[PDB]
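Below: one structure, written as C-alpha cells.
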Amino acid sequence: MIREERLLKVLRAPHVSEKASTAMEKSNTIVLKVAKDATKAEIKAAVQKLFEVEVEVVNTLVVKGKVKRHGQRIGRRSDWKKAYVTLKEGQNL
Amino acid sequence: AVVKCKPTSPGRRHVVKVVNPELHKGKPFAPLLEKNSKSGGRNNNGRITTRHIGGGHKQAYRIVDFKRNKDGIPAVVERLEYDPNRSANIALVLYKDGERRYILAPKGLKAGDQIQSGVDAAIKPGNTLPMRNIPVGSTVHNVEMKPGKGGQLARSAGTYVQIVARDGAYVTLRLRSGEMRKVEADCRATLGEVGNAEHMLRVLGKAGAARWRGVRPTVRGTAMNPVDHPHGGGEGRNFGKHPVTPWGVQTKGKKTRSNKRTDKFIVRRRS
Amino acid sequence: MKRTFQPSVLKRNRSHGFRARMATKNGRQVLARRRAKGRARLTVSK
RNA sequence: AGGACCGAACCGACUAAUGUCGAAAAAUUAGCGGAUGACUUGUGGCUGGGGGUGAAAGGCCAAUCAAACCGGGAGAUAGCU
RNA sequence: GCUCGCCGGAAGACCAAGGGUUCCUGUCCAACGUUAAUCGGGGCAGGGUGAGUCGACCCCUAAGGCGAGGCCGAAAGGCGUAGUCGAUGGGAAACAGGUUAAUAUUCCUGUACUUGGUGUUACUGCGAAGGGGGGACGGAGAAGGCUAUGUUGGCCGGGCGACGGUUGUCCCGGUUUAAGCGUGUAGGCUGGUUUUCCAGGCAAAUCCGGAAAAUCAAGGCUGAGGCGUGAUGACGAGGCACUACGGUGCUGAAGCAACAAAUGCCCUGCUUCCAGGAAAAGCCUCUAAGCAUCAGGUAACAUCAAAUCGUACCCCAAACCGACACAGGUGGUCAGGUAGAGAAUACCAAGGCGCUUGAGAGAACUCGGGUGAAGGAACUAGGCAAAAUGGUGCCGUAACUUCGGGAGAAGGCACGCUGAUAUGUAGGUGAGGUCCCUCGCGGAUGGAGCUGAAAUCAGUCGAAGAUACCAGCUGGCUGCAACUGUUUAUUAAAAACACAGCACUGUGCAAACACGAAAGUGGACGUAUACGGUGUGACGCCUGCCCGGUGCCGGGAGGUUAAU
C-alpha cells in the first residue's frame, strides 16, 4: 500500500505538447511530468487517487537535461521523467 | 603406427605420424575430465618463469588414477584413449563395483584385460602392488617415491623401472635415466612398461606442429644483444664466451644438483 | 593509423576510476593530492 | 590431406610516382606478399621501468625508449655558451 | 521540378563501441561553415527517446580481480582458503500491419507466448550448500533436403505509343502476408521394457554406474522444411475527393504455378583427422538433516504481477579515434538484376549522393593519363618505370627431382552469332492420372510442363569473337637461406630471426631452472620417450688433429690458506 503522503508527492505537472494532445485525442493517454523516482505503480496509484480515474497502464520514460548555455557559463537542465498514463474510458480534466 | 608422410607439400615432406588405431575415437569419459587453462609460462607474479611456453591447442585434463588405491577389486579395461596431457595413453578401466578410472596404459594392456591392485594382485602386467610383494628383478612403472604419495617414476611413453635389489626395508631401482636409487619397499608400483613406446618416433615435420603443442620459438643467445643475454653482440657471429644460461650460470656441463636431503637414496648417479 | 587513445568507458573506469584509486594505498593518495589542489573532477566518472 | 596452388574480403607492406608548411606528425595511386593458417580479428584480463614483453630489431612499452611518463631531491652540476 | 552524372559486397540499410541532443519544428545569419548563404551537425526557443517478451539489470560462471581467517614480510605490504565479484560466453517469453514533424518487435489493431505470486479444487511424500544427468563445446570435408530469394509463365489492372512498325509470342506495374498453434516430414541418434541384487558415485538414494535374469523387438529423442490455421483479416497497383499542393478520405482487382537457388537452416548432424577441442547455473532427477495428518509437490481454474535503467540520433562517419566539417583508423549484421567461377569486375535496382569556393582562359612548367613514324635497352647504378603476357578447352611440354614436383614449363590450336542434329539435346526437376499398402507429409509408376548446358555440321558479319572491365611475361646460368613463416610501428624485409631435425649438457621430483627479503607460483596438476639451458639448422655424404690457455667434471700425494 502506497502512502497518500507519497502519492501527493509523485505527480509534478501535466505535460502539454503537440504529441501530448495527440495522444489524448487518438489514444486517451494523459502525458504527465512526475518525480524522478516514480515507479509506474507509484504513478498509476497517484493518478487513480488524485484524479479518481481508472488507469489501464503507465509507460514511463526519462527525459534528459539539455545542455542550455546561458551567456558564457555553461548550463545543464535537469533530467525529468515523463509518464504516458493511458486511461481506460473515463475522462480527463 | 609410425608412417612416413608423402611429400605432397613441404612441411609434409618430413612428417612421421604415430597412428595408434585402437585409441577410442571420439570423446573421453566426462566424469573424469576437468578444466586445464594454459599458463603461458607466466606465474603468480604474471611474469614468464619458464620461457618458450604458450599457445597450441586447448586440452582438457584427465584425472588419472595414480594412487591405485582400490584393493581386492578386479578391474576390466574397456577403452584405450588419447590423453593430451601425457606422452603415454590412458585406459579407462571399470571396476566390479561400478567405478571408472583412467590409468596409465602399459605396453600390453588392451581393451578387455583384467587388472587389480593390492598385495593380493597377480604379477601379470597392469597390476600394481607394493615393491615388497613385487619380485626383485621385475620391470615396473608408475612407481611412487613415498608410500601412498601417488606414483612418480616411469610415467612417460615406454618408460619402465626395474627393481634391481632389495636391502630389507628399501628397494634399489634402476631408473630410466640409468641412476639407481633406493625407494621404500612400501612404495606401490605397477608392473610392466608404459605404452606408446613409439611416441619418440614422430618427427613433426614443420614448425607449426611444434607450435600447436604449446612451444613458442627459442631464440639463440648468440643472436641477441649484450643486454638481453650474456652471449650476444659482436659484428657478425662472435661468441668468445663460455656457454651460459640467460642468467649467467654456466651450461654445457655443470652439476646444478644440490639436495643433500635425498642424496642418501641415490645409490649410483646416472651416467 | 590506429591512434593511441581508443576509448572504452569500461576500461576507463576499471583503470582510473574512483574505486580503482580507492582500492590501493597509492591511489587513495592520488585523491588526496587532488582534493589538495582542489580539483573539481577528482577522477573519471562522467 | 596439406604451415598445398590461383585469387577477393581480411592481414601485411616489395617497387615507383605524388605528397614533403601534406588530404595525412608515415598517407594516396598503380602494381606487390600471405590468404585453413607459426592465420586473422572483437571484448575482457595479466606482465612495469634496470623492469615487462621480444620468431631478436635494442624492437615495442600511449606520435617519447641503449632504460617511459609525471612529481620531488632541485635553483643538480656546467673550469662551457 | 525536369535533365545529366556518381556509388550500389557501398558512397545503401540496421547495430555494438564511442559520442551525448548533433534528432524534429519554428526562428536569426554576428561569430562557426576554408566563398555567399535565405542553408547547417551554427545561435535561440519549444518538442521528441513510451517495453512482462528488445538490450541492460538479474541468475551462472572463464581468464582474471579482491580476499574473513591464514602463511609470509622492517612498515607499507606479498600470496592465498572459504568466499566473493568479473562477459567477450551459458540462462523464460512477440510477431505482422498501421501510426509521429520527430519513437517504435515499446504506441494502437490483431494474433500469441513466458515465468512467478495468491487463492480454489482434486490428487498427493515433499525436503539441499549434497548425489547423478543435461547444459557441454574442436578442425576439415562431403553432400542431401529445404528456405531466403530470384526468373519465367499464369492471373489482375493499365497502354496501344511524339518517328517506320506495335491487338500481339506486344509493352508496363502488381502478384505480399509474420509470430504463434496443430501435424511431424527429408532426415540424425538410440534397442527398448521389467524383476533381482552390488565393496562405486566423501552420507543416503527409489537416481547414476555395475552384474545378471526375463521379455520384446520395437519404442523414444532430435528435426529443417512443407502443409492447415493465424487470415473471408491485414497489405495491395491503381481509381474516385479535396486541398496544407504536403497528404489525409474512401474504395481497392489478381494475389498462383514452375524452375533456378544460397556462404542461410537441418547440422551442436554425418564422415573423418589429430593438435584431442571451457565452467557453472537455468532445467531434470535422487535422497539427507526436517516434517511427515501438516507443510510441500503435481495438474485445472481464477486473478494478480513482471520492478528499475537504455530507447532520439551518428555509427566505415562532418556526430566515434586522429587539434579541423581531416582522402587515415573503426567490430558485427543484410546482402537484388544482367554478364561473370566469383563477395572480383562492368553496367544497373532499392537507396543515397555530385565530395561547401566558383567563372573564365586554353602559356611555360608540374601532376594523372591516351597515341606515336623508324629503331628497340643504344637509357641507366640497374629494363627503374612503362610496355607486353593475361581466359577456358584440347594437344604438347626440358634439365633436374627428395618421385610430390619442376609445370600453367616451354609451345600449338579453337573460341562470335544463326540454323540443323534437337521448333532445346544430354542432364536436372517433375504434373496428371494408373495403381500398392502398415493411408501417410507414403511407395513403384508415369511422362506433360519447366529448366537446360556442351559438342558436331553448315551458314553469316567484322581488321579483330578470351572482343569492354577483369585477367601469368617467359626461358638459361649462378650466390645465399632448406621450405611456410617472423623482423627494425615511422628510410633496412634481407643472406637476418624462427623452424622441423641433430648434438652436447643439467635435472630422480621438495627436479633443475625462473619470479619472489619470504610465503608461494610457474616448470607441471607434468616424472627422464619429461623438463631446462646452449649451439647447429630440412635432406644426402660426413663432422679430421690439438686437453697446453680458459671453463667444466673428478682426484687426492704434498705445499699454501679464513673465521676460530
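Residue numbering restarts at 1 for every chain of the C-alpha cells, chains are lettered A, B, ... in their displayed order, and ligands are numbered from 1 as they appear.
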Exercise for the section: Give as a PyMOL selection string every residue of chain E that touches chain B within 8 Å, counting only C-alpha atoms (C1' of nucleotides). Expected result: chain E and resi 198-201+209-210+275-279+404+483-484+497-500+504-509+512-515+521-523+526-530+533-535+538+551-553
Please identify every residue of chain D that has at least one atom no more than 12 Å from any atom of chain C, counting only C-alpha atoms (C1' of nucleotides), and report them as a PDB file with C-alpha atoms (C1' of nucleotides), in the first residue's frame.
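File selection_33.pdb, as written:
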ATOM      1  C1'   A D  24      47.726  12.526 -43.680  1.00  0.00           C
ATOM      2  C1'   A D  25      53.361  14.126 -37.362  1.00  0.00           C
ATOM      3  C1'   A D  26      54.129   7.854 -42.286  1.00  0.00           C
ATOM      4  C1'   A D  27      49.111   8.545 -46.316  1.00  0.00           C
ATOM      5  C1'   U D  43      35.645  -7.927 -25.982  1.00  0.00           C
ATOM      6  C1'   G D  44      37.877  -8.579 -21.187  1.00  0.00           C
ATOM      7  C1'   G D  45      42.277  -9.659 -18.436  1.00  0.00           C
ATOM      8  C1'   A D  62      50.186   5.944 -25.275  1.00  0.00           C
ATOM      9  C1'   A D  63      53.031  10.288 -32.023  1.00  0.00           C
ATOM     10  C1'   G D  71      56.090  14.852  -9.177  1.00  0.00           C
TER      11        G D  71
END
Problem - Near-residue B:111 list (7 Å; only C-alpha atoms (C1' of nucleotides); drop same-chain fewer than 4 positions) as a ChimeraX atom specification - result: /B:77-80
Give me a file of those residues, with N, CA and C atoms, as a short mmCIF file (atom, residue, chain, number, x, y, z; two decimals), in the first residue's frame.
data_model
loop_
_atom_site.label_atom_id
_atom_site.label_comp_id
_atom_site.auth_asym_id
_atom_site.auth_seq_id
_atom_site.Cartn_x
_atom_site.Cartn_y
_atom_site.Cartn_z
N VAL B 77 39.79 -53.35 -18.29
CA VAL B 77 39.97 -52.29 -19.26
C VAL B 77 38.79 -52.32 -20.21
N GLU B 78 38.37 -51.14 -20.66
CA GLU B 78 37.33 -51.05 -21.67
C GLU B 78 37.62 -50.06 -22.78
N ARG B 79 38.54 -49.12 -22.58
CA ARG B 79 38.82 -48.12 -23.59
C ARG B 79 40.27 -47.68 -23.45
N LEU B 80 41.02 -47.77 -24.53
CA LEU B 80 42.29 -47.07 -24.63
C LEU B 80 42.01 -45.71 -25.23
#
Do you know which residues are at most 9 Å from residue E:50 counting only C-alpha atoms (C1' of nucleotides), after dropping those on the same chain fewer than 6 positions away, and could you put them as a PDB file with N, CA and C atoms (P, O5', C5', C4', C3', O3' and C1' of nucleotides), in the first residue's frame?
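Written output follows (out.pdb):
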ATOM      1  N   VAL A  58       0.664   2.436 -17.455  1.00  0.00           N
ATOM      2  CA  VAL A  58       1.570   3.577 -17.498  1.00  0.00           C
ATOM      3  C   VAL A  58       2.800   3.188 -18.305  1.00  0.00           C
ATOM      4  N   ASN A  59       3.400   4.171 -18.971  1.00  0.00           N
ATOM      5  CA  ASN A  59       4.582   3.922 -19.790  1.00  0.00           C
ATOM      6  C   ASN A  59       5.547   5.075 -19.558  1.00  0.00           C
ATOM      7  N   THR A  60       6.476   4.898 -18.631  1.00  0.00           N
ATOM      8  CA  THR A  60       7.387   5.972 -18.287  1.00  0.00           C
ATOM      9  C   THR A  60       8.518   6.085 -19.302  1.00  0.00           C
ATOM     10  N   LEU A  61       9.209   7.216 -19.250  1.00  0.00           N
ATOM     11  CA  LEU A  61      10.454   7.398 -19.971  1.00  0.00           C
ATOM     12  C   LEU A  61      11.147   8.585 -19.337  1.00  0.00           C
ATOM     13  N   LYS A  82       8.875  11.437 -17.755  1.00  0.00           N
ATOM     14  CA  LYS A  82       7.564  11.548 -18.371  1.00  0.00           C
ATOM     15  C   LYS A  82       6.755  10.300 -18.078  1.00  0.00           C
ATOM     16  N   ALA A  83       5.440  10.419 -18.198  1.00  0.00           N
ATOM     17  CA  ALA A  83       4.562   9.300 -17.871  1.00  0.00           C
ATOM     18  C   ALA A  83       3.360   9.340 -18.805  1.00  0.00           C
ATOM     19  N   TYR A  84       3.364   8.475 -19.807  1.00  0.00           N
ATOM     20  CA  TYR A  84       2.217   8.328 -20.691  1.00  0.00           C
ATOM     21  C   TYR A  84       1.189   7.458 -19.991  1.00  0.00           C
TER      22      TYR A  84
ATOM     23  P     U E 103      11.371   8.879 -35.429  1.00  0.00           P
ATOM     24  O5'   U E 103      11.106   8.389 -33.945  1.00  0.00           O
ATOM     25  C5'   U E 103      12.167   8.205 -33.027  1.00  0.00           C
ATOM     26  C4'   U E 103      11.713   7.372 -31.862  1.00  0.00           C
ATOM     27  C3'   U E 103      11.422   5.919 -32.184  1.00  0.00           C
ATOM     28  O3'   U E 103      12.566   5.102 -32.043  1.00  0.00           O
ATOM     29  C1'   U E 103       9.561   6.874 -31.079  1.00  0.00           C
ATOM     30  P     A E 104      13.256   4.416 -33.316  1.00  0.00           P
ATOM     31  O5'   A E 104      12.851   2.896 -33.172  1.00  0.00           O
ATOM     32  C5'   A E 104      11.685   2.409 -33.803  1.00  0.00           C
ATOM     33  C4'   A E 104      10.692   1.910 -32.796  1.00  0.00           C
ATOM     34  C3'   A E 104       9.972   0.619 -33.158  1.00  0.00           C
ATOM     35  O3'   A E 104      10.647  -0.496 -32.611  1.00  0.00           O
ATOM     36  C1'   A E 104       8.505   2.244 -32.151  1.00  0.00           C
ATOM     37  P     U E 106       6.197  -2.882 -30.751  1.00  0.00           P
ATOM     38  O5'   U E 106       6.689  -2.265 -29.378  1.00  0.00           O
ATOM     39  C5'   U E 106       6.338  -2.866 -28.143  1.00  0.00           C
ATOM     40  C4'   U E 106       6.458  -1.887 -27.009  1.00  0.00           C
ATOM     41  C3'   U E 106       5.613  -0.624 -27.138  1.00  0.00           C
ATOM     42  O3'   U E 106       5.073  -0.274 -25.872  1.00  0.00           O
ATOM     43  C1'   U E 106       7.896  -0.049 -26.911  1.00  0.00           C
ATOM     44  P     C E 107       3.504  -0.468 -25.603  1.00  0.00           P
ATOM     45  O5'   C E 107       2.837   0.698 -26.446  1.00  0.00           O
ATOM     46  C5'   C E 107       2.518   1.946 -25.857  1.00  0.00           C
ATOM     47  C4'   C E 107       1.819   2.845 -26.844  1.00  0.00           C
ATOM     48  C3'   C E 107       0.677   2.217 -27.621  1.00  0.00           C
ATOM     49  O3'   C E 107      -0.538   2.226 -26.894  1.00  0.00           O
ATOM     50  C1'   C E 107       2.098   3.379 -29.102  1.00  0.00           C
TER      51        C E 107
END
Handout entry: Residues of chain C in alpha helix (DSSP H), written as a count of residues only
Key = 27
